[PDB]
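Colleague: From the sequence below, what's the structure:
(chains A, B, C, D, E and F)
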Protein chains: 6
Amino acid sequence: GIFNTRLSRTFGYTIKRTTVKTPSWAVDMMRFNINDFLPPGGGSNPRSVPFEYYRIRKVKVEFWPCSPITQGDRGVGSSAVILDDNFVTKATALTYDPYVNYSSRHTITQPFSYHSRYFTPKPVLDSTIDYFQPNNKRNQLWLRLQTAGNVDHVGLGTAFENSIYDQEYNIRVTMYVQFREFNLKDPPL
Amino acid sequence: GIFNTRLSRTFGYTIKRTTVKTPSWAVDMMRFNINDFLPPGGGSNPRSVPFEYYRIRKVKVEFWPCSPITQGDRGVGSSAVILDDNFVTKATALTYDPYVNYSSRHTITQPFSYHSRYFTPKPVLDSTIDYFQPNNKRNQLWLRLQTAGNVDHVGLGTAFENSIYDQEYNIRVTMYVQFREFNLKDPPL
Amino acid sequence: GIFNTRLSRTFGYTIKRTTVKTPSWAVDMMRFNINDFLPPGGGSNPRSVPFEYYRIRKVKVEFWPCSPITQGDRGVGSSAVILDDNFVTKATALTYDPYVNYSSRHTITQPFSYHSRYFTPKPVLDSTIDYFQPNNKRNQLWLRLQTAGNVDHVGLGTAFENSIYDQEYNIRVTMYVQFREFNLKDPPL
Amino acid sequence: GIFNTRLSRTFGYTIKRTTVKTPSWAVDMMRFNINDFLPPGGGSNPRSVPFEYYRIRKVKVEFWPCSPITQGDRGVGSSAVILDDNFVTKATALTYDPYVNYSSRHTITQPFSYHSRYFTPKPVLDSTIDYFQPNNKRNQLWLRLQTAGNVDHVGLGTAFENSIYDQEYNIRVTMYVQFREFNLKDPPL
Amino acid sequence: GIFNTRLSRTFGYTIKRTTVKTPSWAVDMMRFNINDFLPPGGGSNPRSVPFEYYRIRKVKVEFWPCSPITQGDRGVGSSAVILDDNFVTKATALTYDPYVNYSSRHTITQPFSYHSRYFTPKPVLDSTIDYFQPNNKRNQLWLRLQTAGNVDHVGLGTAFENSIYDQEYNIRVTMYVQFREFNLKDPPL
Amino acid sequence: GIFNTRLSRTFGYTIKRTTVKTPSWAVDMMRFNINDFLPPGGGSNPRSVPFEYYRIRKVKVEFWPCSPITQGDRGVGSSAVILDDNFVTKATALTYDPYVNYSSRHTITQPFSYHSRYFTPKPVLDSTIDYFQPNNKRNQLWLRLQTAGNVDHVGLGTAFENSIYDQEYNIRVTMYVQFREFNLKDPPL
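Modeller: Residues are numbered from 1 along each chain as shown, chains lettered A, B, ... in the order given. The protein structure is shown below:
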C-alpha cells in the first residue's frame, strides 16, 4: 500500500559576526530525522500517518535568506553532500573552505541569495562502518516507522564565509517519503 | 491529493426465535457513518486519517453466518438498497416480505449461508426532500470529514424469515472511500 | 426500474374586466406540485403509482381559451420561465408588462388564441438561496415521492393585458415524469 | 403503455409423515391467480398497479426447503406442467409417481434440495373444453385486470415421495407480467 | 442570456510588527461575496447588473505590496485554497505555518513581492455538512442574484511570517462571473 | 465590450372616426428614442444598462390590432421608411395616400390585420442638412448613451385610411441595440 507524499519543516540558522579580517569560513552539519517531520499520533495508532514502513526518496534543503539585498561584505561558500555521518568538524572561523573541492560542491552566494540542494539521503545503519547503498529506486531499503526512535538520515554539510554583519537564514527542509502497509487500527468507542 | 483506501467494521445481528407458526419476516434497517470506521485522531489533527474531504464510493455488507450447517427450519429473505432514509418500519414478525418485489432485491438464504451486497451509498443531505445523485464517479459530491458530526450514509434494508431457533450473524461492513487534500499539521515538540 | 409516463390536470384562470382606459397588465404566478397530479393510493401503497423516486422532466402548460373569436379589445401579453420561486408580485392592473424583456418571453395573443409553453421545471430545494441545476438528463436529481408533502416545482409566470370583457382560460398542465424503484406491497387478504 | 415487471408471493407446503413402508407419493396441484400477487388499490383506482390489461409471460416456482441436510429417508419425485386445469387427483399415499412419464417432468430430489420450474402458464378460459394457446409472445392474449374476479392461471402439478419425517417447503412463486394502458385517475382533493 | 464579465474590488491588509524573536506566522482567512463587488441598483431593478442568476467561475486574489524593496527581516509564508468555510483559527503569532503542507500551497515571499492566486471558489450551501462540487463548467450550479442577502463564497487562507516592521498589502480581488436571464424592467416616466 | 440585446416598449395609437364619405387617409409620424426604452439607473451609474456607447442596429414596429375581425368599412394604407426627420405633414383626412408610391411602402390592411416593419433607423445628427449613413454593420457610428438627452432616431411614417368606426392599435416597438465599454462603478457601502 504505497503512498508517496511530502513533509516539510522550517527552522533557523545564523552565522554570527566576526571581527576577524581574513576570509574565514563557518562550518556546520545537517542531519534529517523523520520525528521532526512526523509527529506522534493518538491512541492505538502511534504515529499520525498510519503506515508501517518508510523510505526517504529525496530531500530538498532550501536556504531562504533573511538579509536585505543591500547588505555588504558579501562572501562565497560551499554546500556538499555527506552520506556517512562523518562531517568536517564544526568550526567558527576556519581559514579555508573544506567543502570546496568536493565533487558534490555547489557554490553558496551570500548573504541575500537563495540556495537549494536536492538529493537522496542515506540512513545511518552502522556508524562504525558507515555503509550505504547507491541510488536505486527499486532496491532502496524499507525502514520501520518507529514510535519515538527513528534513525537519523544524513547528507548535507555547509561552509559559510563569515562577515562583519550577522547572516540569518530560514531553512526549509522538505522530505519526499514513500510509505507502505497502511495499518490503521479502529477500536470501538 | 487523492488517496483511495478501505475501512472495515464488524458487529452482530440476531433474529430472535418465535413460536409463531406462520411464515413471518423480521425487518430492520442499516445505515453507514464514517465515525464508526474512522476514529478521532490526536492533537492538531482531529482525525486519524489526515485529510479534509471524502466521498464514499462503495460499501460491501457481508452477512457472515454464526449458525451451523445442520440447523433446520430454514428460510428465505430479501435485501434491498434504500438510498433515501425511509425504510420499511422495523417489525418483529411481519406477515410478508416487503423487500421482495424491489428491483434491488437479492435473495437471502438462511440461516447458514453467506450474503454479500456491493453498492454505492448516498448521503442524507436533506431528510425532508430526500434527494440523491445518480452514480457518476466524476460528479460525485465531496463531503467534509467533520470532527464528530459526519452525515449518515444510507442504502440497505433487510427482511429475515423468523425461525424456531435463533439466527445470529456477524456483519462486516467495508467502505471504499476516497479522500482529498492531505492536511497534516506538524507543530514543534 | 424506470417508467416514463405523463400526468395531466386541468383548471381555470380568469382575467377580470377593468374600466381602466390605459393598457395595464395582470400579473400572476404558476407553480407545479405532484400532489395535484398523483392522488393518494390505498393500503400499504401510499400513492397510486407504486414507485419510490421521481424527477420531473418537462411540463407543458396549455392556455386553452374560453372566449369567442369575435371578442374585441384584444391585447398582447407575455409568459416567462421563472425557475426560482421569486416571481413579479401579483398585480391586477400594472402599467407595464414585466415579463416582456425576459429572455424566455413568449408573446401571448389574447383573448381567443392558444398559448403553449414546454420547458423543464426545477424544484424548490432551498427558498432562501434559490439554487437549481442546469438541464442535464443524466445528472438530474431524483426526489422522493412523499405521501402528502411533496416539494413545489416552479417555472412559469404570466402577464395578461386587461380588457373591458372578462378573459377566461382553461389551463391544462401536463407533467412528463420519470419514476424509479417499483415498490409495490402485496399483503395477504 | 407497456410495463413489464415482477410480482412475488411466498407460502408453505408440507408433506406429512406416513407409517407406510412402501414407496408412496403425495400428489397435489398448484394454480396461479393475480389477486394473490396484486392487492386491491384505493379510491378511483381499483388496483394498486394502475393498468387495464395484463398477460402473464412466465412463472418461476421455487421450492425452498425447510429441512436440514442431515435428514434421512430421502426420496425422489416429479414436477410437471399442466396447462388445462385437469390434474391428477390429490392423493396422500399413491403407489406410483403419476407425473414421472410426463414430457415436462423434472426430478425432485427430496427433502433438502432446491427445485425450480420456469414456464409460461395459460389461463382457464373455458374449463369445459380446456383450450389454450401455444407459446407466442406476439400473439398472447391480453386479459383484463379485474377488480376482484380475475381468472386462474394453471401449469404445475407435483408428486412428492412420502417419508417417516415431515417434509416442509417454503414455496415462492414469481410471476413475470406485462401490463398495458396506464389508467390512473386523479380526482381533486 | 449569458454575459461573462469581470468585477473587481480593492482593500487593505496589514501584518503588524512583533517583538517575538522566533519565526511565528500570522493566520487569517478570506471569503468572497458578490455584494462587495455588485452594488444595489435603483428603482424596479434591485441590482446594478440587470440579471437574475449568477455563478462565479474564477477569482484572482492579488497581494500587491506596499513595502519598499529595501525592507529587511524578510520571511516566507503560504497561501492555500479552502473551499469549505473551516479555516485554521485566526492567530497573531503561531509557532508554525499551518498551510505549508497543503496540496494547494503556494509560497508567499515577503514583504515586497507580488502573490497571485487564481482558482474556482465554491458557495456555502450548508455550513453544517460543507459540501461542494468539483470543477465542471457545464454542471456548475446557478445561484440567484439576491437583493441584499447573497451567499458567501470561500476559497483562500493565508499565513504570513511576522516581522519587526509592519507589512502592508493592497489586496485586489477580481471575480470572473457569468450571469443569466437579462431581466431589465422599464416602467414609464 | 460588446453586448447585443433587445429592448421593447408598447403604446397605443387610434385613428378616430370620420363622417367624410370619400376615401381619406390619416397621416402620422413615428420617431424612436432610447430614453423611452432604457430608464435612468441609480447612484454612480446614470443608466440601468451599464455601458458607455450604443448604436441601434434594427427596429421592429408591430401594429397589433385592437379591433374585431367582424369590423367592416375596411381600408388600405401604407407604411414607409423615412430616415431624415422630414415627414409628410400630419393630417386627419387627406385626399390621398402620400406614402403609396414610396419605394419602401408596405401595404397596411385595416383594421384587424397585423403589420410589421423591420428596418435600420438613422440618428438625427444635423436636422438642417439631414445626412445619414448607408447600411454597414462595420462602419455604423457609435453614439454615447447620454443621461437624459439622447438623440432621436427616425424611420417610419404611416398613412391609415379613415373609417366610420374607430381603429385602435397597440404598437410594440422593439429596438435591437449594441452597447460597448462596460462602465460599472462600484463604490463602497
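
Colleague: Strands of chain A, start to end?
Modeller: A:3-15, A:25-32, A:40-42, A:45-47, A:51-65, A:75-80, A:91-94, A:106-110, A:115-119, A:122-123, A:143-144, A:153-161, A:167-182 (DSSP state E).

Colleague: With mean neighbour count and distance to residue F:130 as added columns, please give the ones you listed in JSON lines.
Modeller: All C-beta spots, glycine's among them, are computed from the backbone N, C-alpha and C. As requested, the strands of chain A are arranged in JSON lines below (neighbours: other Cβ atoms under 10 Å in any protein chain shown; distance: least, Cβ to Cβ, whole Å):
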{"stretch": "strand A:3-15", "mean neighbour count": "16", "distance to residue F:130": "76"}
{"stretch": "strand A:25-32", "mean neighbour count": "19", "distance to residue F:130": "87"}
{"stretch": "strand A:40-42", "mean neighbour count": "17", "distance to residue F:130": "88"}
{"stretch": "strand A:45-47", "mean neighbour count": "19", "distance to residue F:130": "89"}
{"stretch": "strand A:51-65", "mean neighbour count": "18", "distance to residue F:130": "74"}
{"stretch": "strand A:75-80", "mean neighbour count": "21", "distance to residue F:130": "83"}
{"stretch": "strand A:91-94", "mean neighbour count": "15", "distance to residue F:130": "95"}
{"stretch": "strand A:106-110", "mean neighbour count": "17", "distance to residue F:130": "77"}
{"stretch": "strand A:115-119", "mean neighbour count": "15", "distance to residue F:130": "75"}
{"stretch": "strand A:122-123", "mean neighbour count": "22", "distance to residue F:130": "92"}
{"stretch": "strand A:143-144", "mean neighbour count": "14", "distance to residue F:130": "93"}
{"stretch": "strand A:153-161", "mean neighbour count": "24", "distance to residue F:130": "85"}
{"stretch": "strand A:167-182", "mean neighbour count": "19", "distance to residue F:130": "76"}
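
Colleague: Now distance to residue B:129 too, for those strands, in TSV please.
Modeller: What follows is the strands of chain A, written out as TSV (distance: least, Cβ to Cβ, whole Å):
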stretch	distance to residue B:129
strand A:3-15	38
strand A:25-32	54
strand A:40-42	38
strand A:45-47	39
strand A:51-65	41
strand A:75-80	62
strand A:91-94	73
strand A:106-110	63
strand A:115-119	54
strand A:122-123	57
strand A:143-144	51
strand A:153-161	55
strand A:167-182	38
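
Colleague: Of all the ones you listed, which one is nearest residue F:53?
Modeller: Taking Cβ to Cβ as the criterion, strand A:51-65 is the member of the strands of chain A that comes nearest to residue F:53, at 51.1 Å.

Colleague: tell me what that closest one is packed against?
Modeller: Using 3 or more Cβ pairs under 8 Å, 6 or more residues apart in numbering or on different chains; DSSP states H and E as the contact definition, the elements that strand A:51-65 packs against are strand A:3-15, strand A:25-32, strand A:115-119, strand A:143-144, strand A:153-161, strand A:167-182.

Colleague: What pairs with it, parallel or antiparallel?
Modeller: Strands that pair with strand A:51-65, judged by DSSP bridges, come out as strand A:115-119 (antiparallel), strand A:143-144 (antiparallel), strand A:167-182 (antiparallel).

Colleague: What about whichever residue of chain A sits closest to chain F, how many residues nearby?
Modeller: Scanning chain A for proximity to chain F using Cβ to the nearest Cβ identifies residue A:68 as nearest, at 36.3 Å. As a burial measure, residue A:68 scores 14 neighbours (other Cβ atoms under 10 Å in any protein chain shown).

Colleague: How about residue A:10: what's its closest non-neighbour residue?
Modeller: residue A:172 (4.8 Å; Cβ to Cβ, 6 or more residues apart in numbering or on different chains).

Colleague: Tell me the bridge partners for the one you found.
Modeller: Legend: beta-bridge partners of residue A:172 under DSSP bridges are residue A:10, residue A:62.

Colleague: Now do the same contact list for it.
Modeller: Taking Cβ atoms under 8 Å, 6 or more residues apart in numbering or on different chains as the criterion, residue A:172 is in contact with A:8-10, A:61-62, A:64, E:76.

Colleague: now, which of these sits nearest residue F:140?
Modeller: Distance to residue F:140, by Cβ to Cβ, is smallest for residue E:76 among the contacts of residue A:172, at 55.9 Å.

Colleague: Return the distance of the closest one relative to chain B.
Modeller: Computed with Cβ to the nearest Cβ, to the nearest Å, the distance linking residue E:76 and chain B is 16 Å.

Colleague: Please apply the same query to residue A:175.
Modeller: When Cβ to the nearest Cβ is applied, the distance between residue A:175 and chain B equals 11 Å.

Colleague: tally of neighbours for the residue of chain A found nearest chain D?
Modeller: With distances taken as Cβ to the nearest Cβ, chain A approaches chain D most closely at residue A:188, which sits 35.6 Å away. Neighbour count of residue A:188, defined by other Cβ under 10 Å: 8.

Colleague: and if you look at residue A:147?
Modeller: Residues within reach of residue A:147, counting by other Cβ under 10 Å, total 11.

Colleague: List the residues that contact residue A:176.
Modeller: Applying Cβ under 8 Å, 6+ apart to residue A:176 gives the contacts A:4-6, A:56-60.

Colleague: show me the contacts for the residue nearest to it when sequence neighbours are not counted.
Modeller: The shortest distance from residue A:176 to any residue that is not its chain neighbour, by Cβ to Cβ, 6+ apart, is 4.3 Å, and that residue is residue A:58. By Cβ under 8 Å, 6+ apart, residue A:58 lies in contact with A:118-120, A:175-176.

Colleague: Correct me if wrong: residue A:122 contacts residue A:135.
Modeller: No - the pair residue A:122 / residue A:135 is not scored as a contact, 9.4 Å apart, by Cβ atoms under 8 Å.

Colleague: quick one, what contacts residue A:91?
Modeller: By Cβ under 8 Å, 6+ apart, the contact set of residue A:91 is A:25-27.

Colleague: Actually, residue A:55.
Modeller: By Cβ under 8 Å, 6+ apart, the contact set of residue A:55 is A:140-143, A:177-178.

Colleague: Please tell me how far it sits from residue F:89.
Modeller: 99 Å (Cβ to Cβ, to the nearest Å).

Colleague: what's the answer for residue A:14, then?
Modeller: Computed with Cβ to Cβ, the distance linking residue A:14 and residue F:89 is 96 Å.

Colleague: try residue A:154
Modeller: When Cβ to Cβ is applied, the distance between residue A:154 and residue F:89 equals 104 Å.

Colleague: again, but for residue A:71
Modeller: Separation of residue A:71 from residue F:89 (Cβ to Cβ) stands at 89 Å.

Colleague: Just want to know which of these two has more residues nearby.
Modeller: Neighbours were tallied for residue A:71 and for residue F:89 using other Cβ under 10 Å; the higher tally belongs to residue A:71 (17 against 9).
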